[PDB]
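Undergrad: A single structure is presented below for examination.
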Amino acid sequence: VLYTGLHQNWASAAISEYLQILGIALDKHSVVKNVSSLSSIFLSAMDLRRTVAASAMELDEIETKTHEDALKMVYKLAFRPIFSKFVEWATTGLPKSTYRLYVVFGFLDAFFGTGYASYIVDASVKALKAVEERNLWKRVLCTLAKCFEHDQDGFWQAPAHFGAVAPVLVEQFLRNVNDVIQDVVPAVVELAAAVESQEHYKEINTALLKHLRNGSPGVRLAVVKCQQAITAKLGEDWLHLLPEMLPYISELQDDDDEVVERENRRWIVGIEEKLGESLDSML
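Residues 1476 to 1489, 1496 to 1511, 1515 to 1538, 1546 to 1568, 1572 to 1591, 1597 to 1612, 1619 to 1636, 1642 to 1685, 1694 to 1801 in UniProt numbering are what the sequence shown lists, from first letter to last.
Written out as structure tokens, the structure reads:
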């Protein structure tokens, strides 16, 4: 009986505690027509706060709370019908006024976790694009990998979905926190595993070659990983590269430092299965 009244009172009050209260009431509700309206108002105002003002700990906390609130409402009040509207708000959040990559992307990841793939595509694209909301980017890149395992060929790594994703990913390398790139390089592997036969090979292998040069072992582990799913994924070409790869491994051998060891070992075993004769290069 009170809820509409309580909300308006809190809005007038709108101290960050009031924002918390509003979100708290929205989730704790029996409400719906008002909850929907209230949710909208909360989003608008939070956006104003970020744009003008954007305390940091509190705001991040409120934003994190908002994401959960958004998740709560979306489930209760289906995703496909809401999605159009959801996209518009997120787009508004962009640098004119962050909620975006971190919390929003995380939410999208959750919804992600084939019918949905067409609808999802633009949003996934936004996540990749927002490099800096690095965390946001990492989450999306990670999602692509998860999509690989679930969808497979359906994922359209070989198919339709891949073409947009690969160029977004490629561009990411081209233009951006350094930490994103390693995740990017492994994703290529997952993409490859799914697609099998589709032709990014020249660009990717070359990219891997340059990367093969350093950036901590973080990059190395990632590069080895990308070669490995590429090798399995195809069960197709790559022979030319084997001599570069083993020599990549050779340099690693002299280096004396670990996580890459596991990955390098995994690749060598993979090479043996595909290539066979690669022993000669090893010896």
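For each residue, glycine too, the CB sits at the ideal point set by N, CA and C.
With distance defined between alpha-carbon atoms, name the residue in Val1787, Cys1744, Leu1793 and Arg1731 nearest to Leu1770.
TA: For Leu1770, the nearest C-alpha among the options comes from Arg1731.
Undergrad: Indicate whether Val1519 and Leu1507 have their beta-carbon atoms separated by less than 8 Å.
TA: Going by C-beta atoms, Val1519 is nearer than 8 Å to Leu1507.
Undergrad: For the region 1759 to 1777 against the region 1737 to 1745, do three or more pairs of beta-carbon atoms, one drawn from each stretch, fall closer than 8 Å, so that the two count as touching?
TA: The region 1759 to 1777 is in contact with the region 1737 to 1745.
Undergrad: Would you grab the beta carbon distance between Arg1644 and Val1695 for me? Rounded to a whole angstrom, and I think it's under 8 Å.
TA: Between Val1695 and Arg1644 the Cβ distance is about 4 Å, and since that is below 8 Å, they are a contact.
Undergrad: For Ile1525, is the beta carbon positioned less than 7 Å from some heavy atom of the ligand NAP?
TA: The ligand NAP is absent from the structure shown, which contains no ligand whatsoever.
Undergrad: Can you have a look at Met1530 and say buried or exposed, based on whether 16 or more other CB atoms are within 10 angstroms of its CB?
TA: Flag for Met1530 reads buried.
Undergrad: What residue from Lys1509, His1510, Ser1528 and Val1476 has the CA that sits closest to residue 1544's CA?
TA: Coordinates for residue 1544 are absent, as the chain skips straight from 1538 to 1546.
Undergrad: Is the Cβ-Cβ distance between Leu1757 and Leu1793 less than 8 Å?
TA: The answer is yes: Cβ separation under 8 Å.
Undergrad: Hey, how far is the Cα of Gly1733 from the Cα of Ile1699?
TA: So the alpha carbons of these two residues sit roughly 10 Å apart.
Undergrad: Which same chain residues end up closer than 7 Å to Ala1747 when comparing Cβ atoms and leaving out the 5 residues on each side of it in sequence?
TA: These residues qualify, in order along the chain: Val1707, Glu1708, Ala1710 and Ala1711.
Undergrad: Going by beta-carbon coordinates alone, are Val1702 and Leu1651 separated by less than 8 Å?
TA: A contact, by the Cβ cut-off of 8 Å.
Undergrad: Quick test of your reading: residue 1595 and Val1626, contact by CB under 8 Å. State the CB separation rounded to the nearest angstrom.
TA: Inspection of the chain shows residue 1591 followed directly by residue 1597; residue 1595 is thus not represented.
Undergrad: What did DSSP end up calling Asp1755 once you bin it into helix, strand or coil?
TA: Note: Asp1755 maps to coil in three-state DSSP.
Undergrad: What did DSSP end up calling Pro1761 once you bin it into helix, strand or coil?
TA: Helix at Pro1761.
Undergrad: Using C-beta distances below 7 Å, list every residue in its chain close to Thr1535, excluding the 5 sequence neighbours before and after it, in chain order.
TA: Closer than 7 Å at the Cβ level, and outside the excluded window around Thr1535, lie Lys1590 and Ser1591.
Undergrad: Have a look at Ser1487 and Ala1632 and give me their C-alpha separation to the nearest angstrom.
TA: Rounded to the nearest angstrom, the two C-alpha atoms are 34 Å apart.
Undergrad: If we ignore side chains and look at the alpha-carbon of each, how far apart do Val1680 and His1510 end up?
TA: The straight-line gap from Cα to Cα measures roughly 45 Å.
Undergrad: Contact check, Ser1796 vs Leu1760 under 8 Å by CB: the rounded distance?
TA: That pair is a contact at about 6 Å.
Undergrad: Spatial neighbours of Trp1666 within its chain, please: CB distance less than 6 Å, with the 5 preceding and 5 following residues excluded, ordered by chain position.
TA: Here the set comprises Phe1672.
Undergrad: Suppose the cutoff is 8 Å on Cβ atoms and the five residues either side in sequence are ignored; what does the same chain contact list for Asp1697 look like?
TA: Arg1644, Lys1648 and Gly1736, listed in sequence order.
Undergrad: Grouping DSSP H, G and I as helix and E and B as strand, with all else coil, what is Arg1731?
TA: Coil, per DSSP.
Undergrad: Use the C-beta contact count for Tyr1566: other C-beta atoms within 10 angstroms, 16 or more gives buried, fewer gives exposed.
TA: So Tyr1566 ends up on the exposed side.
Undergrad: Along the chain, where does the alpha helix (DSSP H) that runs through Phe1606 open and close?
TA: Where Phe1606 is concerned, the enclosing alpha helix (DSSP H) stretches over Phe1604 to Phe1611.
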